[PDB]
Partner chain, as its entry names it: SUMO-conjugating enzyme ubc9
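What follows is one chain in structure tokens, specifically the form solved without the partner chain.
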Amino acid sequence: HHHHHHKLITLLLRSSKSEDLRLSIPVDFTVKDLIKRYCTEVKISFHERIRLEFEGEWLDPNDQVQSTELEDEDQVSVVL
């Protein structure tokens, strides 16, 4: 709606080397924030070299999720 207040989108994070996770995260988080939250939820150590791929493309860690093309129920790949 006009002037809506919704903060969250749900994302599926698939990982070939770690636990897949479905997260509901604020769209004002950065991609780095999303990675940090993934890591605390699945209990792996956060590192600068972890990346998220969306449709074949690396997401910029410094972009807000809202600034990317991610939408609710999208899926991304975690590359460790």
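Numbering follows the first chain given and starts at 1.
We do not show the form solved in complex with the partner chain, though everything after this point is about it.
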The partner chain contact at residue 16 in the deposited complex, heavy atom, 4.5 Å: yes
Residue 55, heavy atom within 4.5 angstroms of the partner chain in the deposited complex: yes
Residue 8 within 4.5 Å of the partner chain in the deposited complex, heavy atoms: no
Close approach of residue 12 to the partner chain in the deposited complex, 4.5 Å, heavy atom: yes
4.5 Å heavy atom contact with the partner chain in the deposited complex for all of 28, 35 and 40: no
